[PDB]
Amino acid sequence: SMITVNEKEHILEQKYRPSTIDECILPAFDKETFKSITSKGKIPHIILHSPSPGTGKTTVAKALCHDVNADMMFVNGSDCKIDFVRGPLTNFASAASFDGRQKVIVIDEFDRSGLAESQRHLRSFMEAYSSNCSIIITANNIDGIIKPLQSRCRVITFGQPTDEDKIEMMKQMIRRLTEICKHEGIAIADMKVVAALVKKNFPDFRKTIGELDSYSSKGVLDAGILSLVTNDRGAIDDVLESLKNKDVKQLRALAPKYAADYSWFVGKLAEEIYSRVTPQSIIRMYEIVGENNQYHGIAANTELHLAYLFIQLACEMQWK
Amino acid sequence: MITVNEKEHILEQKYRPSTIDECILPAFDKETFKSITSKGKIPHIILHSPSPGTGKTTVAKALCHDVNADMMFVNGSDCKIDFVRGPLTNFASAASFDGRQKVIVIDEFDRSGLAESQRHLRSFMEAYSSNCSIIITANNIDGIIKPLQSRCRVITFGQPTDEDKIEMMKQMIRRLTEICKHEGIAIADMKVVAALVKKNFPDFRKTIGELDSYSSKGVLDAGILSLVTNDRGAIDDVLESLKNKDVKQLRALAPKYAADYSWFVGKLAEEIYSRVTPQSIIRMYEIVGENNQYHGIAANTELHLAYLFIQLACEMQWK
Amino acid sequence: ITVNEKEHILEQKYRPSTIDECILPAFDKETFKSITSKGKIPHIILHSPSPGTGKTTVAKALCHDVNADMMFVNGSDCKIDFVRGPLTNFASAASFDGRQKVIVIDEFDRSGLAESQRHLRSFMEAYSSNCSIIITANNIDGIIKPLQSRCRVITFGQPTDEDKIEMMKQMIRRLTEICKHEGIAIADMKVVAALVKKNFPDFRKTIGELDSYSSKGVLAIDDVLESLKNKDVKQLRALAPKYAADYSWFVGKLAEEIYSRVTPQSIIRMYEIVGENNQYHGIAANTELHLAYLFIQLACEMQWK
Amino acid sequence: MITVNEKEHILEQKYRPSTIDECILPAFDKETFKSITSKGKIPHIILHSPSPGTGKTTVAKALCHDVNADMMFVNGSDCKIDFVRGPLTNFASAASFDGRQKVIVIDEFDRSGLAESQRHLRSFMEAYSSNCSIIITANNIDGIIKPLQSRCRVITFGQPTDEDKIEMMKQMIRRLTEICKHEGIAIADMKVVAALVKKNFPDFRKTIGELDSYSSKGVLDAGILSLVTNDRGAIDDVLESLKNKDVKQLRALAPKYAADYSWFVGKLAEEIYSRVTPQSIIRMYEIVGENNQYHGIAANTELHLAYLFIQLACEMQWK
Amino acid sequence: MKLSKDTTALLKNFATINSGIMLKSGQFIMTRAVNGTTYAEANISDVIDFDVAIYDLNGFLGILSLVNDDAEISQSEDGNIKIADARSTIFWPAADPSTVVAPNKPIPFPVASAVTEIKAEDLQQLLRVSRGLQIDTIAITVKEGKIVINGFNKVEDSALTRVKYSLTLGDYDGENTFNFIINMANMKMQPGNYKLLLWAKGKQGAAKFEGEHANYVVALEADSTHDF
Amino acid sequence: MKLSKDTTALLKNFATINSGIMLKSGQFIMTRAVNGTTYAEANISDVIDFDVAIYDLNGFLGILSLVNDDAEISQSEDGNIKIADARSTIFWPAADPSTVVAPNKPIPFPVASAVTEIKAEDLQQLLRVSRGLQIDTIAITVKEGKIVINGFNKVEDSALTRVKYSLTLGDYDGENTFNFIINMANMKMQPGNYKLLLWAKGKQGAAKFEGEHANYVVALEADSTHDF
Amino acid sequence: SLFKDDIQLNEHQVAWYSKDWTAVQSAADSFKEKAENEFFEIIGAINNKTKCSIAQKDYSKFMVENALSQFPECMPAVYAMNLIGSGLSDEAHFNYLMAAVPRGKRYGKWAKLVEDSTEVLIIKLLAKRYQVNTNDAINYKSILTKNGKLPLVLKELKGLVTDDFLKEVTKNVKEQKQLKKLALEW
DNA sequence: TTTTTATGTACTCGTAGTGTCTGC
DNA sequence: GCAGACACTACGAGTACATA
Ligand SMILES: Nc1ncnc2c1ncn2[C@@H]1O[C@H](COP(=O)(O)OP(=O)(O)O)[C@@H](O)[C@H]1O
Ligand SMILES: [Mg+2]
Ligand SMILES: [Mg+2]
Ligand SMILES: [Mg+2]
Ligand SMILES: [Mg+2]
């Protein structure tokens, strides 16, 4: 196949972790800049950061090493305190690999705040040992990497594709998910649900696979799963009609019905009213719904908070 | 069938479900848990409510029970970074010697000051993913950092479909009935049992906790039914003090109804609607709606109620 | 009647000892009897919000009646490291006479403690077999929702017209008895009936009052209220941090005390100003500053009688 | 003219300047360093940026090189009190046997936990001032205790005059050009070299580090210029749809950036600040700040983002 | 009154159990924690000559290692204290009894459900295994006829299942079954030979440690389990 | 299976290389540091009768001093490590191999570029001095037909400019010339006489000490230089 | 003092050459000189409408908000960043303040209250013995003068003044004038 | 020209106290 | 053989950062 499987793992977003830089699904310019790097055979100091999780930062870190055939120490960022850098990393960085391999230190998830002291200590280290070995830092949030370490690196920024990349990357990820299903014994009844999972959590490829596990309970993905993935469980007609008619007892009665799950309902209402009302009623309807959504969760009685939203819209909406 | 712990008198903990089936859950949710216990291995999972007592931390223990995991159970707030470095790293690296899935249940992990520990955990979860998995239980998700939600299957509770709600309620009524047989509680009117369930729906803990308090007299009769459906009273003393536009009286009634606000605020909307003129209605929703909206930012809730009364007193034209 | 003779303050050395000695609503007293009967005590919350209704008294009484081994704790002292340390010790240790263990956390309302309260939510389930918790609160919203889920929330304050008339009689008898013990001379019984009626719901202040009469043995907010009238600022700016400490109580007193001291349409303005300030507290990031802002607002708009 | 180290591939460290002239600096600064190397003896000095890669630690080694000092180079974070008592006291007391100024270079000495070492150093500097001098390098001065700044000539970097900036940039362009000849990098459009310099100005390290990554194809042409002046993520589609006050478009972009909100909201503040009128700034912070504040209470996050857009569309008066 | 080299060491030791103490006239000291978990009594050969309350103990024993050993600790002329020295004089505060938690209950351990001994060198081995093998609870019970101890790890091994440690303490002859569990935290004795008397009826109970230099009694944790 | 003083003194050594260890049945044991810098192999007195992974070596060895010098050991029914004593008994958590960075097998050593030998008497003086002289790294080169060794102070030194020490090992028969630098830190061997095996295929390069008990390999330093 | 010709070696030279580190230390301790900040050039720019641009210098949302918290002309703007500002970029919180609080001047003195150090110790004491929080504790003291004679109770509690407890009250040898002060006049 | 909120969590430094083991 | 001297730990000081 075209796909690495680790087979020591059941957890399945980790079974399918890409082995090499090509197996990785990335923005065009980004993949190309990584090929360029593996080509020159030596690896500079690099930072990979999302801030969206699961874009492939810590996967590409291991792949880069794999492609250049580095001698690589992989390290949990939160474990890398100043005494670690002084002790084991200084050892590794000064020691000579005997097979003339680029030495590389991968510090994963290095953006914690209490490591600033370690990071500063590292700034002088990186210039001393730059001849042997390079450092690849992985971070969710850059501002947790001190500025002088960004100076020292090529900062590559993830999950920020072009409009075309997004369209291609999505196709690639759909093909991949399809392939994972063949292997896994997951039946695909409606391809539309696979395109939906991808689109739903786009930048994050980890959650996108994680999802597939949880919607596979029944070994099939059919039109019924598609309802839960897009899921709208929604027809709004009784409210939309009671709104136009500007009646209230009815609105007052419908409140408790949809208070049940609010975040979904409020969403449909925005989507559905948009089409049914005049142009400067649109701008008003976002101001009214937006504000109402905003305070939900401070508001103590949620059913009343829904009633309050209806009254507001009934009066200010002028229906085309 | 029903599991009883018998080391506990406290009775919402006596009847805590042992296995995934004994649990009352939405259809798709139960099914997704069966699916999981089937495959025999357990992924990294987050269970969150935000409504308490939906069964999150119960289903956590049950999942472990069904897959026969070697499980360390841990108070979230006790779970600081040095804990993860020390005891959890030990457990996660050690090999269970019967070949059991190792699982770490971190209960109520949504505290703010643990973000540092959670980040530290993000690299851990990938290192030890082969041995053991983590089940996190949270009331509020935003207290779990994003990269941990990335790493998990986030299952969201107490948000059933309309059908699930109807089934779950039936199941919970059957269960309460069974708990009563065991406990020596006499059921005179079944209508009171269906009432307790409906009253606090998402929360199954409070729904059983209630049963303890209305059992003082070992029987549930039509008389208990009045107290279960019952009151919060009428609103008359407030509605009158409002019309009269007097204050000392309003100022005095504030503390009375501060007790349960969300209910009171609801009655007030319902009852004033009828008693005031048409464009006073539109004003009364803006006044009550806004007041309800900030409650829970507002620090002194009794004062917040007074503030509502003063506002209505002045702007309400009464029929 | 019940006396703790080593206590030098009136409210500490007279507190009703048992659930019966307490003056309460009928259904409330009966629910407490019911509880003491079953011999074991569940997790409970007692809340007013009106002070001196007997919350923290009934807490000790419940324990007394079931003969619990009880640790009593100031709420504001119960931070997360206390729950981890001494309370975890107590809750895990087994009382050696087979007594219900009970932890009374008094005045647990302030959300300085929300972090502690959450930590508690997992705790309560872990050691529910040994020991139960009784929380006392003036304002409920200061108790996180998942702790209310775990408890029986009992609420104070809605006496019937008859209860009020009986309770007042009972309190008058009680005050009389306190006077015999204390060496306080009652020349006119009318003054005793007056003290009771004057602050009715609040039995604490009604006894605290009696002490004030104490100096001849026969029968506050000022610094802010003054600095407000004077419309000065440096002083208001300085007082802010003082009362930022516990806001929900302070704001309460300010409403109560200004009401009397200011003109009629200044009252309506003062509720709009304090109400709005109270309302956003807890979105507002710097709470000392938020108190300053309230002061500036009142200084300008208030007309004192 | 250009020093190349040839033991390094990493290329911003290949071209590290050997001597004080090879260094690209403000006029007065270069001149003050020439002045120093002339007198043949080196005083106690502090070089600080706070902008990284302005050449502090490079000029440190160069100053030594020019005066031909016997120099110990030391990582700041490694220089704890026992080091100063130990290794440094030895070196500072020992006599160089060619009659060379002895110099101790402490690089990146601005760490907080070294204040104890720094104080210990204040007495040392006066005791051994006859032998040897100290050159401290720091990103943030306030991390250097006051009595050490008293004892030094504090020279402050990367904060050139408007003229220096214009000269320094020309000098850096000439240098990059020369690095390209040596490296086999073809320059098709000189405009792209002037662009790399301007883009990252204070930081000369990143400006060279960039050249490595845009050289994948061995040529710098008009096509690379698009990527150098271009913005790879950006905000443009939103900023534009905001100005145009259109909605269907704003309504559509909402779900795009709801993905990671805390970052997006940040960019929007940063980017709108420049593009809108002065009292629109004050309004935009109130609008964005409030929206950011309730995020995480707000249940539908995509809607909450739409709400933010509608708000800014109307109230933003664009310069 | 004067306080010896051995008395003061049962005073640093009773500080690990209460911030404050109240000893009174006699040759007897005793204290127990503000959380009623832990009781410790000890008969000293220095005869305390009056009734005193100290808010803090481990503070006092400090101003006492300095003074030489004459230390006629008498009572100050205004209710506080006087540490008389070979050549000085010091004044410690003395707390109103309302500010110290004192046992007040020299209740007598009922009768032993079962008795057994432990050698001091073998308290040694356990006080130390638990440190680095990470134990925080133990359980005293019957294995193969003798009475054993198990160390566990309440956190890692949530329900006392995998035993990290066992120790054999000389046979039980009586015919009963039991499992007495103690939270290591609430265990604070300086080593030594100790008679072990453990009592419980039904569910209420405790363990009493008889030692030649002090006595110790603590509470079974929540779940202990027997048939007495 | 039991272990003697001599065995353990070894493993307390192998601890300082990798804080964990994986070991299986035989009279062979081995560990290599996590970071890929050193490695030791050992033939020993005592005999291993089952495979097992130890996470915390440096403290297991510790637990072992906490019982008699004879207690027998084995794989528990509990698939963990049972250290059983005369009176007591311990149960040490056997860790998942996944996590103990061990070497799959044994890689042969390139028939050596250069050979010479070193007296253990001699090597004690190197370590001995190095404390005394703040000697942090060394270099082994050829000075006038003999194999020397030079200690430096990479700290104060920087460029390895000045020699602070210089043992004198064997003579150099062959006709290359080199300079193999070694991080003192990376030199974790129980003292005793060694044969020395040097090797380099250009940028490749390592160093092997051949003991009577175990063999040790350490990585040269980044600019170890040579004409091989 | 022999030899009788030593160009005096400075306090330092002796510390070091003789290599007793305890004397070297107190020579170190010599300049501890603790002060820092320059946060008032940031406040100043927000006020005077000069240009700083921040970024480079450390910023304190607490320190900038509090400083301005002084002059009522500002409170509207600070009030704002107080409700809303939690969660804004320091870069932002700064940019805002530049474009809101308009005039410029302020002179120094903040308002800090006057603590009667004694009165605080007394309330802190009462709240300890009585397991009440500070406001009732103040009520108790008001009450406890006007009868029941505060000396009666301060005499009982003089028991716990534990010098850990004093560190909670004041920060200097003012703190040792207090150990003695309630050990006395009751 | 002015100057630091309260709770909880995490990390580095120096030093002092603590314990196990070896050379003349 | 025991001191000496080494290696390790516990603690207090100062810094920091996210919440309210
Ligand atoms: N129901 C009651 N009966 C008698 N006295 C009461 C009652 N409630 C409060 N008190 C008086 O108030 C004091 C204790 O107040 P407390 O129970 O703390 O009130 P709260 O909980 O409202 O703060 C006691 O001194 C007691 O005399
Ligand atoms: Mg990762
Ligand atoms: Mg729970
Ligand atoms: Mg009270
Ligand atoms: Mg540098």
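Using the three backbone atoms N, Cα and C, a Cβ is placed for every residue, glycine included.
The annotation ATP binding site is assigned in Swiss-Prot to B:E12, B:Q13, B:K14, B:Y15, B:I24, B:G53, B:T54, B:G55, B:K56, B:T57, B:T58, B:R205 on the grounds of experimental evidence. Mapped onto three states, the DSSP output places B:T58 (ATP binding site) in helix.
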Greatest inter-residue Cα distance in Å for the ATP-binding set B:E12, B:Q13, B:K14, B:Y15, B:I24, B:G53, B:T54, B:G55, B:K56, B:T57, B:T58, B:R205: 17
Other CB atoms within 10 A, centred on B:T54 (ATP binding site): 27
Structural state of B:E12 (ATP binding site), classified by DSSP into three states: coil
Among B:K14, B:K56, the most crowded of the binding-site residues [Cβ within 10 Å]: B:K56
B:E12 (ATP binding site), number of other Cβ atoms within 10 Å: 24
